[PDB]
Structures are given as structure tokens and as C-alpha cells.
Amino acid sequence: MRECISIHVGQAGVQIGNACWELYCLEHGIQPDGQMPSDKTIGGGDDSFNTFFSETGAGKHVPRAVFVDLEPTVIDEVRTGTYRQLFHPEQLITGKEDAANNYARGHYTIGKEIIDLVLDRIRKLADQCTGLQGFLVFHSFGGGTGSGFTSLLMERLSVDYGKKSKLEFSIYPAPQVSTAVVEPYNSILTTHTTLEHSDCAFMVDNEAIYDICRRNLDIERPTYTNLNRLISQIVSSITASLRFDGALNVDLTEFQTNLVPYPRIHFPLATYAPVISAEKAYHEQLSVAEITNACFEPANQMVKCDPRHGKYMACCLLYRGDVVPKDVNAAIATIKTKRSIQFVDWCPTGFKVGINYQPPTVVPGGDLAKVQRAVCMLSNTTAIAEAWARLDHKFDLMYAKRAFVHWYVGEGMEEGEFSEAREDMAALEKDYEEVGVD
Amino acid sequence: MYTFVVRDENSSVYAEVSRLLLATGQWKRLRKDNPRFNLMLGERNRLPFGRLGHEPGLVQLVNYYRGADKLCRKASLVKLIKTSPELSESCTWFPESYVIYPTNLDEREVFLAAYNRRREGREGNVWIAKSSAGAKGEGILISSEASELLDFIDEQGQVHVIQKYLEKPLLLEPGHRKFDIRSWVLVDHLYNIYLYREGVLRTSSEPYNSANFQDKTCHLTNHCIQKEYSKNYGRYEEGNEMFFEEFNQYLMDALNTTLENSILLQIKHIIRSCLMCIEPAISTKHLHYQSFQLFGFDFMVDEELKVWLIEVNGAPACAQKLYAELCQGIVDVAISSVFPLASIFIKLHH
Amino acid sequence: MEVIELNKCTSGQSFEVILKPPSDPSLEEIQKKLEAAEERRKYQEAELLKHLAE
Amino acid sequence: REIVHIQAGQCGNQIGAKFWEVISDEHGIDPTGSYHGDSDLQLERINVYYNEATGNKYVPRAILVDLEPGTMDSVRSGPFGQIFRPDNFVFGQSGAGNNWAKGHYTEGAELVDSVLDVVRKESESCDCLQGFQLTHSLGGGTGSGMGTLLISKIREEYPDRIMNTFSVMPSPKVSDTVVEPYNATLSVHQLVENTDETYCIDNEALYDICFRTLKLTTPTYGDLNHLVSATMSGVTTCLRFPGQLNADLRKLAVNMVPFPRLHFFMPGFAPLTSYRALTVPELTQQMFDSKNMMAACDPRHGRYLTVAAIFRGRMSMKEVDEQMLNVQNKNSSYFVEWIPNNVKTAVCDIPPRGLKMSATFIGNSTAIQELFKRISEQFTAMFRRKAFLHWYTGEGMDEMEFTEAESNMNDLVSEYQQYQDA
Ligand SMILES: Nc1nc2c(ncn2[C@@H]2O[C@H](COP(=O)(O)OP(=O)(O)OP(=O)(O)O)[C@@H](O)[C@H]2O)c(=O)[nH]1
Ligand SMILES: Nc1ncnc2c1ncn2[C@@H]1O[C@H](COP(=O)(O)OP(=O)(O)CP(=O)(O)O)[C@@H](O)[C@H]1O
Ligand SMILES: Nc1nc2c(ncn2[C@@H]2O[C@H](COP(=O)(O)OP(=O)(O)O)[C@@H](O)[C@H]2O)c(=O)[nH]1
Ligand SMILES: [Ca+2]
Ligand SMILES: [Ca+2]
Ligand SMILES: [Ca+2]
Ligand SMILES: [Mg+2]
Ligand SMILES: [Mg+2]
């Protein structure tokens, strides 16, 4: 058994972390006080769920996690909340004042003062691991802490844990729920600096999640709470293979070898189905063909983009619930004949498939109805580059006027880091178009 | 109040749609790089489809279908027809074509193979070499010797197609002259296929001469080639354009049939087949922005009244006297259908 | 088409279906970037205080 | 994360006392500092503006400053007068005689160190001070001249904190002295270099609103300050109540100020007050309307660099986005296109007193240049003949300092004009 440590940075990382660990506990039958009546090995053990939970001699199951924010109010709610009993004090790290939506403040000014502390709290959990495989890092692109402190953390993790995989869950900024005009700045800055340090990153565009909640859960004005419960389902679907018995993807390493052949092109598109309103009494349970087919609908993607106009480098289907391999193969057969699914010439046209029989869990009193079967598709398609092009355009609009740049320079960042970051992104856009466009 | 942006100043069709929109007083035009638009009249090349449909609170529509280039490029149209089961290599309305890359870089030996069986069977073996880099009337070679075809392509840097030249075209009388038919087709956001009522014939004003493919004026029917090289421009009809009412009258007088029966059924069949073929690849049915597009289908008719598809233009201009009607129609079914204010089309059903 | 690497357990199963074949900076350097930024901050603040002193 | 509030001079103290009256009532604090509200939201961010004392008393983190005793006896006697910390009244006896030179260089210099003493005391009890909020006018002597002296010295001692002001600009329509243009021009120069955010509260606009819209034939400072009170309450809501957007002074500055010198905001409020609640569409329309603007600039004469909108009351969160989006999509010309998504929206469920719902507007508009142009023409007309200048040189100033203040303001104007054509 090989442990994974989860790191949650800034408001978005923390609140999403909350939703995930809530969900993990529900799925593994762990109660808010950390007890787990089904775990007959008291004090320890190397079961699959121990990759995310350690055990006390008192039969307490504690998440292998650290929460970090540069201001205290969000993490204070974890400290006081339902699962307060779950984490111990050292796992929850807070500063006094935040990065003010300013990458440079998060990375340089405030980051320099807390980074050694955070690395020490992490070294602690690492020391509890017999065979650490690496880190799952949750954060927003747009926040000063999510962007700026995360990229400093990732640089240091590569130093202090060179042999370890690092995976991201990154929230891409959406004006409908965003809180700062400069988030495109912060996004490009953090992506530039984190790129060489991340082996695989799952972007979630708040725009897509927002619209899935409106459209399918019939929520007129989705909250962060609505968004995060949905996000946590996708996250759970993606990490389930690490937490349950299985043959794919059994460790963080396998995530890269299965989804990421081109190292820089390490941003797989997540697609999830079905999403059904719990307020919906009579619900016709979708079939395997239907939920698989829904994986090729942009309306269901964690990022809105058109995979028909790009190429695939890899595709993984992760099913939860009542699913047998026969139906999956029949569904993939039929979909192949209708959909536009072009792979790059140097990759096999195909699908790695995982099935866990336990259907998705739903937070009681949530917006998501229980279903018989669900699927999460991870596909590395060049289409996701549409998100980069969108983001880079906004950056270009502001930067040409140097709008807001004095806020960053005032934190001790040099202006050149802007155009350097932007250049890296221009190269990124170039790599995608090479691989995916005739 | 609806908003729109104009990003193709060289478009005669959409410059007219633009003024029609403003003249309704319910549309406002914006600076071309203002993202808060309802309607993008987009640029021809590298139209930024990836930045569409991410504006909260704005239904967005663009006058192009992403992916329609598959249909509107010489080489890729050939590829699309050969490799799509719905169209198939046994497609009876598309001339025998081959995609040939110049050697400084393919389907060469496949083309030679078929060329041999023709020279072997006494068959008419005249082919026409052309490409997409061929602006207007230049870049076209009509030879009966394959050698001149491939030697001419290697003198070019871009991809070409070689395709069987129709040696028995329907000739109009008097004049004994070749022609082609241009059909304007509008596909709306619901993927309704609308064929504009009025078409036009781009006629040659020089008698067809099947012994001299060197003189490209009785063989090529381009309006630029006629208005320059032909010494009979506008002789039989104004601007070498014969419209459907005249043409149909001719078909009745000369051949005892109608435009609808002899030619139009085939044309509607070809247009449906092409657009239904690519629908799964370009439809914006469940997409975060919507597309419509105006296409220009060009057809050849042989002396048996068979209709052959020559090419599909994705950014067509219109005949002069037909601009008003067709542009009003574009506003009507493609735009106002999506943004209601306060038929000239035949719908090809499917 | 071809189904391979089928693994079954009590929790579920996995397999691969093929439809068609194909055709860092050191601690010290990070340390210097952090100090280089800190010095620019101190320098700008020193200029401010100097200006206020005038 | 605390804010230290300072109010200087007659105008500053009178609008300052009203602000504390109004937000005390919103947070359910009575005149004796005791809490008596029925909502939990009232106390969640109470420490931003209030200190706690035993007995669970809430004491404003407020410093009251003046060069003459007059106005502060009025405060201390006023409605919530007893709520202020007695030691935080700092005053001298000579006054500033409506003279910027007296406030900034002679009479004010003598009193400023004791003020800085109380500021230091308040700061030292702060968990994590955000920065400062100063209320003052620019047309007089103490608020203007000593007020900007304070700002400079506060910046020297707290150079990494945020400095925010509510600055009342003079108008010949509501004028105390002919030298107001001098005092205001000398002060704008200070603000441009030494504040991060300034709400431009124009007495011109307050008068016109009272006269034209509210139909007050003979507007008083009481009527003017009613509008200032409501505006101040509305633009500090995101600081005082829980929320995502602009929840502290630095994040506000980061959202609102694209270039350092252009940090002068046009406030706006709806409904303009003095039985039927406005609809969300009515709030939205009115809050962007020039007649609801507190700076007397025509927003259609410039462009919005950035905008913050705050809606208060129980209303359709959905309907707010639709209206806010519709305003932008339908007048997108008046928003610069090179700052994407530059309009940010906040909602707070607690309405202000006597209203089911309200909206507060904060614009960074290049049209604010009209305000500075107006002052600059008034300044120049007198300075060109050196009229009344000897009252300033008599305090040790030379003409050159006037010339530089004038140049700096004209530069500010040309900067706005620069970005209005981009
Ligand atoms: N999906 C989701 N997005 C969030 C959440 N919280 C914030 N965001 C998004 O993240 C961006 C803001 O970043 P935050 O994480 O809140 O900022 P931060 O990391 O705390 O950094 P600072 O406050 O600037 O120090 C915006 O795009 C928000 O919409 C959340 O709980 N869920
Ligand atoms: N296989 C063929 N047989 C007979 N004639 C052919 C032919 N292919 C092309 N032509 C003739 O070639 C000319 C068409 O040129 P082409 O199809 O390349 O269009 P073009 O791109 O040069 C201008 P447009 O886009 O307006 O049609 C016509 O005059 C037509 O008569
Ligand atoms: N809006 C408003 N303006 C005021 C008030 N008192 C004075 N003013 C204005 O402030 C300027 C006079 O400055 P004042 O504060 O009285 O002088 P100070 O005591 O030296 O700071 C003039 O422009 C007056 O119109 C007030 O209560 N409300
Ligand atoms: Ca155990
Ligand atoms: Ca590495
Ligand atoms: Ca004295
Ligand atoms: Mg934060
Ligand atoms: Mg006075």
C-alpha cells in the first residue's frame, strides 16, 4: 500500500477539500469522529483506503491531508465544523492576511514567510508513510493564494520529493462567480511556474460546473456549495482507483502513463454523467450506452470545448455502479460509428476502462440524486487548448495597457515575468495545435 | 437591442446583411474586438470559435460552421467523398478525382493506375488539374497527357487534385457553349438546409472546342476569365449570367423538359448528401454557441442532363440582382430566427 | 474490438479495449528568487521613506 | 482585520458622526455601545470597525480630529456622541481659518503628533490592521490641509497599509470661502500620491440631487449629509458584512485601480432618499443614472475602467445578474474593452434602515476628469492674478508650490483622457 497526501491551498482548495473528504468518509463508511466500524484492523493496516487515511491506536481514521490558506476565516470553518474531529490541529495552517488576489503577493511577499512551516507540516505526514507516492494539490487559478502560493509549494515539493508524482485539481476562472478582474493574470503566472512541476492536472472551469448545476440540478443561482459537491463527485470518481481495490489506475504514476504521453500537454478533459436533480422524483435510470454517449457531449464536460475539432492522445472510462464489460464494449462500438473521435497517428485508438461496482455516494440532503450507474471520462484531447486561448486573450487585452501590473511589481515581481509567462503559454498553444490540427 | 460585430470587411454578402440589420433599428454594431456581441460576422481564416459562447447572458451566433472547410477545400472534399460510407467511392455524382502532392513534399500512383485503363480502353482521357491555391482563373491545366499534369503540379508548392474533365458538357444554343450552375444554400442553427429559390448560370460566351484545351475560355466558365479573355462577354446574356427563368424556358424549348425535373432534383439530392454527411461533425445543436453558414455549390451538367458536383464554396458572393433577396432571406431565417425582431428558400428535408 | 488486460476483483473490474492501432531549480536558486524579490520590495520602500523624509 | 477611521475638521467630523450613527444602527449597536440586534450577520465582521470592551461594549475604532473645539463638542453632544472613546477626541484651539497652509504647515503641524499617538494606540491593539479610512473635505483648512498632513505621516509609519478616503469636493453652489479651489487643488495633489482609494463626494452633486431630484428648495448640510451617510454605508457594506467580493480594502483596490494615480471613484446610490420598494430593474437603472452619481460628472462623457455594484435587501440573486449583465451588454461602449469582466457585483441580505432594498454604485470612470477640470479652472482664474495668495505665503509657502499642485492636477486630467481614448 502506497500513501497519497492531499494538499489544499486557498479558499477554493480548502472548500473543495471539505466536500471531497466529506464524500470520502461517506464512501468508506468513516464517521465524522473518525471511527470506522468496518475496519477490523485497529491501529493500522495497509488496505486500499489507507492510501488516504492513517490510523490512530484508538481506531481513528485521519486524512493524509494539509489545508493551507493565507487568511484564517475559511479554514476556521473546517476547525469548527462537522468533520472538525477528523483532522488534527497541525493539518490546518492559516496566516493572518491573504494574498489579495495577487499572484506576486501569494508567491513572493507572503509565501516566503509561511512556506517552510507548510513544508514541515507536510514532512510530518510524509514521515507517517511507508511508501509515499506523491501529492494531490487542490487550488484555484484566480486567487492570490491559490495561484501564487501553490506555484511556490510545487517548486519546493520537486526539491524535497523529486521522485514523487504531483497531480493538480485546478479551478479555472469564470466571471459568473469570479471575484477579481486580474484572475487571468494569476492563471497564466501560476501555470507558467507550475508547468514543469505538475505531472497531471485536471482543470475544472467554474463556468461549466455553474451551467451543469443550472441546467441539470435546476438550481437558478448555484452556490460554491452546489459547485463543490458536484466537483467532489468528479474528484472522487478520479481518485476512487486509489482508494478501492482495482487494477487501474492503481497509483499516481499510472495516471501520467495512461493520460499523458506529451509531458507539457498534461491537462486531461474530465466529463461526467449522469447529473440528476434529487428534487426530481420519478427518474428513468440511464443505461450504459446512454451515460457513455453523454461523455461525448460538451454540455457534460468540466471544460466547455469541442473535442470534435482536436485529437485524442488517451481516453480512460471510469464507471461506478451496475456496469458489466459487455455493455461497455457494445456502447463504445456504437459510439465509434457516430461520433468524431480522431486520435493522433502515434497513439492507439482505444479506451482504458475501470469499473467499480459500488454506485456513487451522494451527500444526504444534497442536490444530486442517487443513480444505478455513473461514468467519468478522462480524455487527453487537444480541444482543451480552447481554454488556454480564451485565457491568453484576456491576459493580452489587459497587459497591452499594463493594467493592474503595478500591484504585482509592488510585491517585488519583475514585469518581465509577465511576458515570460505569456511566452510559455504561446508555446503551449503551439504544442497543442501541432498535435491536434490537420 | 441586439448587438453584432463585423470581422470580414471583404464580404459583399454580409456587408449587405450588416446594413439590413442596422436598418431595422433593433441591431447595433460594435467595435470588431468587443466580446459583448450577439452575432459575429466572422473573418474567413482562423475565426476564433474557441472564444465564442463564453459570455454570460448573451446568446451568441456566428455566420460560420466550424469544420465546414472539410467540404469547401478541393483536396479535402475529395477525401471526404472517398472515405465517407454515406458518399462512398462509388459516388455517382462526383467526378473521378485524386489528391496529388507535389514531389517536393499522396495518391499519385493510384491516379496513374486509372489513367492507364482509359488510354488502354480508347476512352476519353482528358483530366483537369486544380487546387485551392488557385485564385480565380489561374492555376488550372486541362491535359489529356497525364505527364503534363504531374509536371505542372511539381511546379507548385501546395496540394492539388486531378479530376476527370467532363468532355461531354451540356451546350447552350445558340453559341455551343459550356456553363456551370451556382446554387446558394443556407444552413441555419437547427441544421435546416435551405436552398435559395434563385440560382445562376455562369456561362461561356465562346463555342466549346474539344480539340484545344490550351485556350482556357471555352472550357473555363469563371466570370473573371470571361470578362477578360473572352471577346464575347455579355453577348447572349448580361455578364454571362443566365438566370433560372431563362434557362428553364430554354430546357423546355430545346429539350422538352424542365429545370426542376432534369437538373434540380439531382442538385437538391447532392446538397442534402453533402451536408447530412458532415452534420455530426459540425452541428452546433448542443453546443455553447450557434452557427449558420451560407454555401455556394457549383455544378456541371452533361449532355445527358446528368448533374455533377464541381466544388463547394464556403464564402460565396452573390449575383448582382440577387443580393437583396438572398440577404434579406439570411436575416429572416438565419438571424431573426434566433433573435426575433419586434419564402425564397426550398427546405431540403431530412 | 479487441479486449485486453481484463482484471476482476470483488470491488469491480478493468480492461482495455483497442479499436485500432497507431501509425528543476534547486533549493538555493528558489531561495535567491525569493530574496531578489524581497530586495526590490525593500528598495522601493526605502525610496518611499526617503521621499517622505524630504 | 481592523480598519482605523479618522475624521478631520468640520465637514469630516459631521459626516463622520453620521456614518457611525448609521452603521451602528445597522450592526444593532445602541448609543451606549450595547448590542441589541436580532441577526447573527450583524456581529460577524463587527471588529472591522469596532473594538470590544468588558460588559461586551462596542467602541468605534474612530479618531476625531480638529483644530478648533466647536464641531467636536457638537459630536460629543450629538446622538451617538457618547459612543466614541473619550481619549480619541484630539483637538487644538486656534482653528485653521479655512487655510490649507495653516492646516498643513503651521497650526496643524503642532497638533499632528498627538493624533499619530492615538492612531498608534489603536493600531497596536489590532490583530491585523488593514489600513485607514479618513473622512474630510478638501475646501477648508483642517480636513484638507491637516488631513493630508496626517495621510503623509500615517503612510510614513504604516507604508504597507491601505489608505482610503472619503473626500468632499467644494462647489461654488455650496461654498464657505472663495479660497476653496486653492485648498482643494493643493489637496488633490496629496491624494494622488498618498491614497490607494478615494471616494469623490462632490458638494455640487449633492446640491443638485437635493434641489432637482428630491425637490428641496433650500438644501442644508443636513440634507447633503443624508446622501453622504447612505453612500458611505453602501460602499462599506462589503467590508462590514460577510461576502466574497471586495471584502477588504486591498482586494477592493486590486479590483478597482488599474493604474496607481487613477484611484478616484464616483459613488452612486439608489433609491435617492430624503412606501413602494423598487424592483431590481429599477435599482439597476437608477444606480447607473447620472442623476444618482455623487460626483457631478457625466459618465457618458468618459468610460468605466472598473465598477463595483452592491445590492442590499432580499431580492432575486438571479434577477440581479440578468439586470447587471443587461446594463453592460446594452451600453458596452462605456466600458473599456481592454479590462475584461470589469463589473463586479455583490449582494447583502441586510437592507439599510427604512428601505426594503437599495443599490450602491462605485465607478472608476475617466469622466471624473470633469470634476478635476472644474476645480482647475476655478483655481487658475484666481492664481493667474495671485488673488488671496498672500494668506498662504504669509504661512511660509511660496507660489511654486501652487504651480506644482496645479501641474499635478492637470497631469491627472490628461491621464484620464489618455485612457478614455484607448
Ligand atoms: N469551484 C469553486 N471555486 C471557488 C471557490 N472559492 C473560490 N473559487 C474561485 O477561485 C477564485 C478565487 O480564488 P480563491 O481560492 O477564493 O482565492 P485564494 O486562494 O483564497 O487567494 P487570496 O484570497 O487571494 O489570498 C475565483 O475564480 C473563485 O470563483 C469554491 O469554493 N469552489
Ligand atoms: N472535372 C471538370 N470537367 C469539366 N469542367 C470542369 C471540371 N472541373 C472544373 N471545370 C470547369 O472548371 C471551372 C471551375 O473552376 P473551379 O471549380 O476550380 O472554381 P474556382 O475555385 O476556380 C472559382 P468558384 O469558387 O467561384 O467556383 C468551371 O468553368 C468549370 O466549367
Ligand atoms: N457635504 C458637506 N460639506 C461640508 C460640510 N461642512 C463643510 N462642508 C464643505 O467643506 C468645505 C469647508 O471645509 P470645512 O470642513 O468646513 O473646514 P475645516 O474644518 O477647516 O476642515 C466647503 O467646501 C464646505 O462646502 C458638511 O457637513 N457636509
Ligand atoms: Ca486498519
Ligand atoms: Ca518533476
Ligand atoms: Ca500656537
Ligand atoms: Mg482567500
Ligand atoms: Mg467650516
Side-chain angles (χ1 to χ4, degrees), chain A residues 1-3 7 24-25 27-31 34-64 128-130 132-137 150-168 191-201 243-245 252-253 255-257 260-267 424, chain C residues 24-27 29-30, chain D residues 66-69 90-97 99 101-115 141-142 145-146 149 394-396:
Chain A
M1 185 279 304
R2 315 201 71 229
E3 301 92 349
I7 309 174
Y24 293 164
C25 289
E27 297 182 352
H28 294 292
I30 298 166
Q31 298 159 3
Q35 296 291 308
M36 178 183 184
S38 65
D39 178 15
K40 305 304 178 179
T41 28
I42 309 298
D46 62 350
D47 307 37
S48 275
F49 65 90
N50 293 126
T51 67
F52 276 57
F53 297 84
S54 57
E55 303 183 28
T56 77
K60 184 169 187 165
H61 298 73
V62 180
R64 306 183 190 268
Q128 256 197 138
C129 305
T130 58
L132 172 63
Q133 42 181 312
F135 311 89
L136 309 193
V137 189
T150 295
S151 82
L152 170 60
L153 179 61
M154 297 283 280
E155 285 180 357
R156 291 289 298 268
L157 286 176
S158 306
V159 167
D160 291 359
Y161 304 89
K163 295 294 174 62
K164 280 56 171 63
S165 289
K166 306 190 277 296
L167 279 58
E168 295 175 87
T191 293
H192 169 48
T193 287
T194 297
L195 194 69
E196 297 306 309
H197 299 291
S198 186
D199 308 290
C200 183
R243 296 184 284 111
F244 293 99
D245 200 3
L252 298 179
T253 305
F255 277 84
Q256 163 275 314
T257 55
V260 189
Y262 259 65
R264 280 168 67 87
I265 304 287
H266 62 240
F267 301 87
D424 199 12
Chain C
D24 301 307
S26 76
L27 180 58
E29 290 167 343
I30 293 169
Chain D
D66 212 333
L67 273 167
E68 60 183 4
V90 196
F91 58 96
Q93 287 291 326
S94 283
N99 182 319
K102 283 183 188 202
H104 197 89
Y105 287 121
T106 54
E107 310 293 339
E110 185 169 359
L111 188 78
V112 69
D113 285 357
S114 31
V115 174
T142 302
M146 193 193 170
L149 180 69
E395 301 298 312

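Side chains are part of it too, since the values below use all heavy atoms of this structure and drop only hydrogens, waters and symmetry mates. Letters A, B, ... are given to chains in the order of the sequence lines, protein chains preceding strands, and every chain is numbered from 1. Each ligand, and each atom within it, is numbered from 1 in the order the structure gives.
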**Request:** Check all N, O or S atoms of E55(A) and name the one closest to the Ca ion (ligand 4).
**Result:** OE2
**Asked** Name of the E110(D) N, O or S atom nearest the Ca ion (ligand 6)?
**Response** OE1
**Asked** Do any of the N/O/S atoms of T41(A), backbone or side chain, fall under 3.0 Å from the Ca ion (ligand 4)?
**Response** yes
**Prompt:** Side chains of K102(D) and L67(D): closer than 4.5 Å at any heavy-atom pair?
**Reply:** no
**Fill in**
Rounding to 0.5 Å, atoms CG (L149(D)) and CD (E107(D)) come to a distance of 12.5 Å
Using atom types as modelled, flag every donor-acceptor pair under 3.5 Å from a side chain in residues 42-51 of chain A to any protein atom, sequence neighbours excluded.
{"residue": "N50(A)", "atom": "OD1", "partner": "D47(A)", "partner atom": "N", "Å": "2.9"}
{"residue": "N50(A)", "atom": "ND2", "partner": "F53(A)", "partner atom": "O", "Å": "3.3"}
{"residue": "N50(A)", "atom": "ND2", "partner": "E55(A)", "partner atom": "OE2", "Å": "2.7"}
{"residue": "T51(A)", "atom": "OG1", "partner": "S48(A)", "partner atom": "O", "Å": "2.9"}
{"residue": "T51(A)", "atom": "OG1", "partner": "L242(A)", "partner atom": "O", "Å": "2.7"}

**Prompt:** To the nearest 10°, how many degrees is the angle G44(A) O to the Ca ion (ligand 4) to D39(A) OD2?
**Reply:** 140°
**Prompt:** Taking only residues two or more places apart in sequence or in another chain, which ones pass ring pair (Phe, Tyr, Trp, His ring centres under 6.0 Å) with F255(A)?
**Reply:** none
**Message:** Any N/O/S atom, side chain or main chain, of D47(A) closer to the Ca ion (ligand 4) than 3.0 Å?
**Reply:** no
**Item:** Metal site the Ca ion (ligand 4): N/O/S of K40(A) inside 3.0 Å
**Value:** no
**Pairwise side-chain contact, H28(A) with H61(A), heavy-atom cut-off 4.5 Å (strictly under)** = no
